[PDB]
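What you see below is based on every heavy atom in this structure, not just the backbone, and it leaves out hydrogens, waters and symmetry mates. Residue numbering restarts at 1 for every chain, and letters A, B, ... go by the order of the sequence lines.
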Amino acid sequence: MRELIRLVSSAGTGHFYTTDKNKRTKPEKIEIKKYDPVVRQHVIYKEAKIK
Amino acid sequence: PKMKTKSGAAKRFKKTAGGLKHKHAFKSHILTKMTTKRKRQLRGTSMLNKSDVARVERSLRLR
Amino acid sequence: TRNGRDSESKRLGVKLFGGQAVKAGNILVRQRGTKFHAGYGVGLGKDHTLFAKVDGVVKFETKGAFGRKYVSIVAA
Amino acid sequence: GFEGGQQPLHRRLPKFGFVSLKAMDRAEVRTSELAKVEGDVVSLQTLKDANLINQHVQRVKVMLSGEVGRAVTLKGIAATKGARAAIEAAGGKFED
RNA sequence: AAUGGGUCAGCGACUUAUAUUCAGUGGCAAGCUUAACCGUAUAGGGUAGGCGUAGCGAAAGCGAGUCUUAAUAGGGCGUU
RNA sequence: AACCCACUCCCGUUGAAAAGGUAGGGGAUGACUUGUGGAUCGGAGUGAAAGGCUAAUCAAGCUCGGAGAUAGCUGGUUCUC
RNA sequence: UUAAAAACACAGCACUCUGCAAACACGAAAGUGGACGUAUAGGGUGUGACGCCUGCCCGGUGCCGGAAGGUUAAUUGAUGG
RNA sequence: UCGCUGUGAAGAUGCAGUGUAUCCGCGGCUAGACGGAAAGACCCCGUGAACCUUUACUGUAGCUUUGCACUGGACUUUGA
RNA sequence: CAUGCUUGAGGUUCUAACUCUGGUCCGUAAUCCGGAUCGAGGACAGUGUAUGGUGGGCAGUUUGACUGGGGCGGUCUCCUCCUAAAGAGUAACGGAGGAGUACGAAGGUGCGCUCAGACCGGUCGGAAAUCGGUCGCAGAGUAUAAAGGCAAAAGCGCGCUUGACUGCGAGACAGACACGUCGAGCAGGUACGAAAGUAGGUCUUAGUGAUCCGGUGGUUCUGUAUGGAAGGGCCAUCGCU
Ligand SMILES: [Mg+2]
Ligand SMILES: [Mg+2]
Ligand SMILES: [Mg+2]
Ligand SMILES: [Mg+2]
Ligand SMILES: [Mg+2]
Ligand SMILES: [Mg+2]
Ligand SMILES: [Mg+2]
Ligand SMILES: [Mg+2]
Ligand SMILES: [Mg+2]
Ligand SMILES: [Mg+2]
Ligand SMILES: [Mg+2]
Ligand SMILES: [Mg+2]
Ligand SMILES: [Mg+2]
Ligand SMILES: [Mg+2]
Ligand SMILES: [Mg+2]
Ligand SMILES: [Mg+2]
Ligand SMILES: [Mg+2]
Ligand SMILES: [Mg+2]
Ligand SMILES: [Mg+2]
Ligand SMILES: [Mg+2]
Ligand SMILES: [Mg+2]
Ligand SMILES: [Mg+2]
Ligand SMILES: [Mg+2]
Ligand SMILES: [Mg+2]
Ligand SMILES: [Mg+2]
Ligand SMILES: [Mg+2]
Ligand SMILES: [Mg+2]
Ligand SMILES: [Mg+2]
Ligand SMILES: [Mg+2]
Ligand SMILES: [Mg+2]
Ligand SMILES: [Mg+2]
Ligand SMILES: [Mg+2]
Ligand SMILES: [Mg+2]
Ligand SMILES: [Mg+2]
Ligand SMILES: [Mg+2]
Ligand SMILES: [Mg+2]
Ligand SMILES: [Mg+2]
Ligand SMILES: [Mg+2]
Ligand SMILES: [Mg+2]
Ligand SMILES: [Mg+2]
Ligand SMILES: [Mg+2]
Ligand SMILES: [Mg+2]
Ligand SMILES: [Mg+2]
Ligand SMILES: [Mg+2]
Ligand SMILES: [Mg+2]
Ligand SMILES: [Mg+2]
Ligand SMILES: [Mg+2]
Ligand SMILES: [Mg+2]
Ligand SMILES: [Mg+2]
Ligand SMILES: [Mg+2]
Ligand SMILES: [Mg+2]
Ligand SMILES: [Mg+2]
Ligand SMILES: [Mg+2]
Ligand SMILES: [Mg+2]
Ligand SMILES: [Mg+2]
Ligand SMILES: [Mg+2]
Ligand SMILES: [Mg+2]
Ligand SMILES: [Mg+2]
Ligand SMILES: [Mg+2]
Ligand SMILES: [Mg+2]
Ligand SMILES: [Mg+2]
Ligand SMILES: [Mg+2]
Ligand SMILES: [Mg+2]
Ligand SMILES: [Mg+2]
Ligand SMILES: [Mg+2]
Ligand SMILES: [Mg+2]
Ligand SMILES: [Mg+2]
Ligand SMILES: [Mg+2]
Ligand SMILES: [Mg+2]
Ligand SMILES: [Mg+2]
Ligand SMILES: [Mg+2]
Ligand SMILES: [Mg+2]
Ligand SMILES: [Mg+2]
Ligand SMILES: [Mg+2]
Ligand SMILES: [Mg+2]
Ligand SMILES: [Mg+2]
Ligand SMILES: [Mg+2]
Ligand SMILES: [Mg+2]
Ligand SMILES: [Mg+2]
Ligand SMILES: [Mg+2]
Ligand SMILES: [Mg+2]
Ligand SMILES: [Mg+2]
Ligand SMILES: [Mg+2]
Ligand SMILES: [Mg+2]
Ligand SMILES: [Mg+2]
């Protein structure tokens with residue numbers, strides 16, 4: 001099925017977003033830009049683990 | 001003897017001048033599948049409903 | 001028997017009828033699809049809910065090609 | 001609290017907050033209450049010579065509520081910004 | 001053609017204590033009231049304590065404001 | 001035969017009797033019957049075993065306490081406008 | 001005190017345990033029974049004079065034997081944080 | 001303190017219509033008074049009770065394994 | 001290697017602890033019990049404490065509801081249609097079907113384009129492959145049931161992209177409560193477009209589980225004499241056929 005993952009901001013903040021992904025069809029990591037409330041810009045967010 | 005307050009009711013409701021405060025439910029876990037708007041609107045504090053005041057006040061020994 | 005199922009009703013239909021006074025943000029129709037189309041001064045939600053963006057009264061008119069039914073807001 | 005077997009409110013909502021032990025020794029005084037101490041001096045002991053505060057209070061703050069009667073001197077008692085201006089207005093000073 | 005009673009006389013079932021909330025009726029009033037205990041013992045003393053005069057916040061805290069928030073924007077609660 | 005038992009019919013069933021009687025019936029020197037005294041008992045005793053017996057009470061005796069146990073169940077609840 | 005029987009017991013048969021301070025049972029324990037007995041004895045279990053016999057299965061569950069190797073308690077306290 | 005046919009909490013001495021019938025005993029018989037007796041034992045219900053069973057759950061007497069204590073000397077094998 | 005100093009484990013042996021429901025002496029008039037002494041066993045056995053296994057021998061309990069009586073069978077939450085009487089709602093062990101997901105593009109935006117089917121002509125296919133022409137108007141398609149929708153197509157393709165954004169939120173719909181639904185507009189930063197603008201996921205309606213407890217990332221809160229720490233609070237988020 002789809003497994004819960006965690007997107008950690010590339011800035012120094014500890015802010016993160018949560019989503020799910022199909023780890024069988026798409027094994028490679030996600031590199032997406034999302035708004036970071038602490039620093040107040042859009043920055044690269046990188047996939048990590050939820051556990 | 002003195003009336004005994006319910007311990008679990010006093011940990012969930014606080015007495016203010018506008019009524020009784022409490023937090024919202026459905027916010028402990030299973031949060032990923034929830035809309036951000038829905039989680040944002042369950043974040044603050046709400047006053048007790050009109051039809052629930054009588055039962056809670058009796059539990060708190062306020063009436 | 002293998003039939004005893006059903007789902008809970010959704011309370012759809014027209015909420016404000018023609019000629020009623022409206023305020024901004026009022027819900028006019030709850031819909032599946034667009035039985036009615038958003039006229040002047042009316043917005044459409046993602047579940048096709050029609051809501052009032054301005055103040056006035058409901059009009060309800062069948063105009064244009066395609067024979068569509070429109071709900072608009074006009075000044076009283 | 002019984003509802004027939006349905007989950008009741010005192011078990012359906014979450015617990016929140018903690019109790020401040022630092023506020024046990026706290027008290028607040030209205031500006032209208034200042035003109036009740038004996039003479040021209042407001043201190044922790046002087047408010048206990050009257051019956052303004054309990055005998056276990058160690059910290060006192062003065063908030064603007066009502067008019068200040070006469071000129072008084074405050075001794076180690078905090079006041080709000082609005083309350084201080086009322087106190088200085090009626091000839092009273094603010095030291096310690 | 002469901003229950004109870006053969007009849008008479010006597011007895012026989014919403015009470016009391018302590019904590020409270022609302023209403024009526026009184027005393028004082030920005031203040032009201034004492035508890036144990038003294039006592040000339042239903043008086044008088046005893047104002048420790050309780051409630052009220054300010055709220056908001058989980059809290060530090062700030063205060064006619066305060067919390068949320070980057071925001072004196074909006075919104076919640078409170079204030080003549 | 002005595003004595004111990006209790007297979008059948010009838011009577012009796014408010015009985016003469018809270019388990020009998022009249023007729024018949026089985027054992028009757030034995031794993032017999034019986035007197036006096038004694039030992040084992042309440043989750044315990046005893047039982048050639050029927051869940052039988054333990055003072056007319058036994059799928060856990062009687063008595064006094066916890067005790068006014070608990071009863072979302074029946075019954076009742078007293079003068080007048 | 002509504003069932004006397006085809007039910008229980010029985011002599012005979014078999015399995016199994018027990019080397020004596022026996023197994024086993026009643027006892028917080030001392031102790032007592034077994035037994036002032038000693039494997040031709042004692043306890044438990046099933047079957048039930050006598051005659052002819054009592055066939056196949058050790059996969060399950062139990063019991064007995066084995067001890068190599070895997071797991072495995074209190075205990076110990078290297079190492080890291 | 002009658003019969004019949006209907007009605008009716010649905011099988012009537014007591015209701016409706018109708019028919020019969022002076023008042024009161026005694027000896028007999030049991031068709032009815034849903035006759036007397038026992039707050040149905042069959043059936044269902046109660047977040048009732050007892051006792052029994054087991055590879056239901058949680059425990060536990062008894063039996064058993066090992067560490068420490070009561071608990072010592074010597075020799076030998078053997079790992080750090 | 002040779003020893004020294006410990007210390008894990010095993011075996012043998014000794015007597016001196018312990019044990020004897022073995023003998024003979026005394027207390028003593030005594031098959032109890034003590035003391036003495038021979039004999040035997042012997043650091044074993046046994047008892048206390050800690051711990052693993054077994055343990056209906058014994059104990060306290062649990063073992064749902066609906067139901068044309070109970071039991072057996074079936075059902076129990078969510079979505080779509082009919083029943084449902086032209087606003088909403090509306091029951092039956094009434095009649096019919098689905099769900100307990102999927103997608104980093106199947107989302108956003110700008111630009112561009114229309115299907116199914118039929119007939120004629122055309123090399124291996126011939127009813128049906130790719131092709132050219134005419135008609136066709138949605139009889140196609142929509143990730144997934146059914147219903148309601150779809151030309152500004154909500155259907156199809158391409159380039160760039162991350163708005164599947166953070167804080168809110170006037171006003172409503174639903175509604176016993178706890179929950180649920182829609183949303184203009186404001187502030188921050190964005191993405192596509194020349195621009196007006198559009199974008200707070202997907203044509204819509206199923207794809208879900210409260211509180212307690214425990215874990216992980218932050219935190220100008222608190223922190224039992226004080227400074228810290230442990231613990232607690234707040235925000236985010238994980239673990240329930
Ligand atoms: Mg408490
Ligand atoms: Mg949730
Ligand atoms: Mg949390
Ligand atoms: Mg059905
Ligand atoms: Mg329905
Ligand atoms: Mg419906
Ligand atoms: Mg929109
Ligand atoms: Mg005081
Ligand atoms: Mg009668
Ligand atoms: Mg009856
Ligand atoms: Mg009845
Ligand atoms: Mg009655
Ligand atoms: Mg009667
Ligand atoms: Mg008054
Ligand atoms: Mg405000
Ligand atoms: Mg207000
Ligand atoms: Mg005799
Ligand atoms: Mg005869
Ligand atoms: Mg006879
Ligand atoms: Mg005879
Ligand atoms: Mg004979
Ligand atoms: Mg004798
Ligand atoms: Mg006795
Ligand atoms: Mg008993
Ligand atoms: Mg039986
Ligand atoms: Mg007796
Ligand atoms: Mg008896
Ligand atoms: Mg009691
Ligand atoms: Mg009673
Ligand atoms: Mg009754
Ligand atoms: Mg016989
Ligand atoms: Mg008999
Ligand atoms: Mg028998
Ligand atoms: Mg034998
Ligand atoms: Mg037999
Ligand atoms: Mg036989
Ligand atoms: Mg084998
Ligand atoms: Mg076997
Ligand atoms: Mg073995
Ligand atoms: Mg007559
Ligand atoms: Mg009739
Ligand atoms: Mg009749
Ligand atoms: Mg009558
Ligand atoms: Mg009549
Ligand atoms: Mg009449
Ligand atoms: Mg007669
Ligand atoms: Mg007779
Ligand atoms: Mg009769
Ligand atoms: Mg009767
Ligand atoms: Mg009764
Ligand atoms: Mg009854
Ligand atoms: Mg029965
Ligand atoms: Mg139950
Ligand atoms: Mg119940
Ligand atoms: Mg012995
Ligand atoms: Mg001796
Ligand atoms: Mg010796
Ligand atoms: Mg030993
Ligand atoms: Mg040992
Ligand atoms: Mg031991
Ligand atoms: Mg031991
Ligand atoms: Mg059992
Ligand atoms: Mg049991
Ligand atoms: Mg068990
Ligand atoms: Mg048992
Ligand atoms: Mg109990
Ligand atoms: Mg039970
Ligand atoms: Mg249960
Ligand atoms: Mg039932
Ligand atoms: Mg049925
Ligand atoms: Mg029926
Ligand atoms: Mg069933
Ligand atoms: Mg309708
Ligand atoms: Mg209608
Ligand atoms: Mg209904
Ligand atoms: Mg289904
Ligand atoms: Mg699509
Ligand atoms: Mg359709
Ligand atoms: Mg077009
Ligand atoms: Mg409404
Ligand atoms: Mg641009
Ligand atoms: Mg722009
Ligand atoms: Mg729990
Ligand atoms: Mg400290
Ligand atoms: Mg901390």
Side-chain angles (χ1 to χ4, degrees), chain A residues 1-2 4 6 8 13-19 21-22 25-26 30 32-38 40-42 50-51, chain B residues 1-3 12 14 16-19 21 24-26 28-33 35-41 43-47 49 51-52 57 61-63, chain C residues 1-15 17 23-28 30-35 43 45-54 66, chain D residues 3 6-7 9 11-23 28 30 32-33 51 54-55 61 63-66 80-83:
Chain A
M1 293 177 70
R2 279 174 94 78
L4 301 184
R6 190 203 266 200
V8 185
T13 66
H15 189 254
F16 62 90
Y17 287 88
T18 43
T19 178
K21 78 176 297 186
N22 202 3
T25 284
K26 317 286 186 80
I30 301 184
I32 201 178
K33 291 174 71 175
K34 292 183 148 302
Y35 180 84
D36 195 18
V38 176
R40 294 179 66 189
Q41 294 82 17
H42 281 84
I50 207 62
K51 197 64 67 72
Chain B
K2 289 187 192 190
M3 281 185 306
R12 292 173 170 83
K14 314 295 166 171
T16 77
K21 289 190 306 200
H24 294 292
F26 296 86
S28 169
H29 64 105
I30 317 167
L31 295 172
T32 299
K33 73 169 67 151
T35 288
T36 293
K37 151 169 156 178
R38 182 184 166 189
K39 290 181 291 199
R40 184 178 57 230
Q41 284 168 356
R43 197 186 277 140
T45 300
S46 179
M47 295 296 172
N49 210 34
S51 64
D52 290 8
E57 275 202 322
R61 298 321 198 266
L62 292 194
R63 91 179 289 275
Chain C
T1 183
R2 42 169 271 151
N3 270 326
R5 282 164 320 273
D6 203 2
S7 83
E8 203 50 67
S9 307
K10 297 301 176 260
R11 288 92 165 140
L12 307 168
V14 166
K15 306 293 169 206
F17 289 85
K23 296 280 133 182
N26 276 4
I27 284 174
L28 312 162
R30 294 274 206 189
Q31 267 173 342
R32 304 272 95 92
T34 43
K35 302 192 192 54
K46 54 187 176 90
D47 58 6
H48 308 288
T49 301
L50 295 179
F51 62 87
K53 280 182 322 207
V54 297
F66 294 100
Chain D
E3 300 193 330
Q6 182 184 1
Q7 199 72 220
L9 283 172
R11 275 175 98 179
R12 208 199 294 158
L13 299 173
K15 299 191 287 182
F16 70 109
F18 71 104
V19 169
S20 174
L21 267 60
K22 201 179 176 171
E28 65 183 1
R30 285 88 171 146
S32 55
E33 293 179 353
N51 194 359
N54 280 14
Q55 315 278 329
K61 207 185 180 190
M63 65 182 179
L64 176 65
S65 165
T80 76
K81 182 174 71 68

Two-distance pair criterion under 3.5 Å, Watson-Crick or G-U, for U61(I) and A154(I):
no
Pairing nucleotide - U46(F), Watson-Crick or G-U, each distance under 3.5 Å:
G52(F)
For nucleotides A50(F) and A5(G), find the distance between their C1' atoms and express it as a whole number of Å.
12 Å
Among the nucleotides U211(I), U90(I), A176(I), whichever has the atom closest to the side chain of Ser51(B) is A176(I)
Within 90° of 0 counts as syn, otherwise anti: where does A7(G) fall?
anti
Please classify the glycosidic conformation of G27(I) as syn (within 90° of 0) or anti (everything else).
anti
Give a yes or no on whether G167(I) and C186(I) pair, Watson-Crick or G-U wobble, both distances under 3.5 Å.
yes
Take the six-membered rings of bases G117(I) and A118(I), measure centre-to-centre distance and interplanar angle, and say whether these fall under 5.5 Å and 30° respectively.
yes
Watson-Crick or G-U wobble mate for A16(H), both contacts under 3.5 Å:
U5(H)
Given a cut-off of 3.5 Å on both distances, is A19(F) paired to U80(I) by Watson-Crick or G-U wobble rules?
no
Stepwise, does the side chain to side chain contact (heavy atoms under 4.5 Å, CB included) test hold for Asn26(C) with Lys15(C)?
CA-CA 9 Å; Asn26(C) 276 4; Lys15(C) 306 293 169 206; over 6 Å; no
Using the six-membered ring of each base, decide whether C25(I) stacks on its neighbour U24(I) (centre distance under 5.5 Å, planes under 30°).
yes
Which one is paired to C51(E), where only Watson-Crick or G-U wobble pairs with both distances under 3.5 angstrom count?
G31(E)
If the P atom of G188(I) is compared with that of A236(I), how far apart are they to the nearest Å?
24 Å
Taking OP1 and OP2 of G78(E), is either one under 4.0 Å from a side-chain nitrogen or oxygen of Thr16(B)?
no
Given a cut-off of 3.5 Å on both distances, is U54(I) paired to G64(I) by Watson-Crick or G-U wobble rules?
no
Using a 4.0 Å heavy-atom cut-off across all strands, classify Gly66(D) as base, sugar-phosphate, or nothing.
nothing
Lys33(B) side-chain N/O to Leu31(B) backbone N/O, donor-acceptor pair under 3.5 Å
no
Distance, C1' atom - from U219(I) to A59(E), rounded to whole angstrom:
13 Å
Can you tell me how far OG1 of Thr32(B) sits from OH of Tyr17(A), rounded to the nearest 0.5 angstrom?
13.5 Å
Canonical Watson-Crick or G-U pair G57(I)-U60(H), 3.5 Å limit on both distances
yes
Give me syn or anti for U208(I), where syn covers glycosidic angles within 90 degrees of 0.
anti
Polar side-chain contact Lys21(A)-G104(I) base: donor and acceptor under 3.5 Å
no
Whole-angstrom distance between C8(E) and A19(E), as gauged at atom P
49 Å
Does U162(I) have OP1 or OP2 under 4.0 Å away from a side-chain N or O of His42(A)?
no
Would you mind classifying the nucleic acid contact of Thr34(C) as base, sugar-phosphate or nothing, using non-hydrogen atoms under 4.0 angstrom?
base
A65(I) with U75(I): Watson-Crick or G-U wobble pair, both contacts under 3.5 Å?
yes
Would you confirm whether the neighbouring bases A44(F) and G45(F) count as stacked, given the thresholds of 5.5 angstrom between ring centres and 30 degrees between planes?
yes
Distance in angstrom units between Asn3(C) CG and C79(I) P, rounded:
18 Å
Which nucleotide in the set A54(E), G148(I), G167(I) lies at the smallest distance from any side-chain heavy atom of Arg43(B)?
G167(I)
Contact class for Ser9(C) vs. all strands (heavy atom < 4.0 Å): base, sugar-phosphate, or nothing?
sugar-phosphate
Presence of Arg30(C) side-chain N/O under 4.0 Å of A174(I) phosphate oxygens OP1/OP2
no
On a whole-Å scale, what distance lies between the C1' atoms belonging to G70(I) and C78(I)?
32 Å
Does the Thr35(B) side chain pair with the main chain of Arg38(B), one donor and one acceptor, at a distance under 3.5 Å?
no
Could you walk me through whether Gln6(D) and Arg12(D) pass the side chain to side chain contact (heavy atoms under 4.5 Å, CB included) test, one step at a time?
CA-CA 10 Å; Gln6(D) 182 184 1; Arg12(D) 208 199 294 158; 4.1 Å; yes
Phosphate oxygens OP1/OP2 of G167(I): is one of them under 4.0 Å from a side-chain N or O of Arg40(B)?
yes
WC/wobble flag for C124(I) and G132(I), Watson-Crick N1-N3 plus second contact under 3.5 Å:
no
Considering only atom P, compute the distance from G89(I) to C81(I) and round it to an integer number of Å.
10 Å
Answer yes if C13(G) and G33(G) form a Watson-Crick or G-U wobble pair with both distances under 3.5 Å, and no otherwise.
no
When the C1' atoms of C221(I) and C213(I) are considered, how many whole Å apart are they?
24 Å
Looking at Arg2(A), does any N or O in its side chain come under 4.0 Å of the phosphate oxygens OP1/OP2 on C103(I)?
yes
Is there a side-chain contact between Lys34(A) and the phosphate of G189(I), meaning an N or O under 4.0 Å from OP1 or OP2?
no
By the Watson-Crick or G-U definition, both distances under 3.5 Å, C173(I) is matched with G180(I)
What do you reckon, do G197(I) and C66(I) form a Watson-Crick or wobble pair with both distances under 3.5 Å?
no
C8(G) versus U47(G) - spacing of their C1' atoms, nearest Å
15 Å
Stepwise side-chain hydrogen bond (donor to acceptor under 3.5 Å, both in side chains) test for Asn3(C) and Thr1(C):
CA-CA 6 Å; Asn3(C) 270 326; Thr1(C) 183; 4.9 Å; no
NZ-NZ distance between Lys26(A) and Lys21(A), expressed to the nearest 0.5 angstrom:
8.5 Å
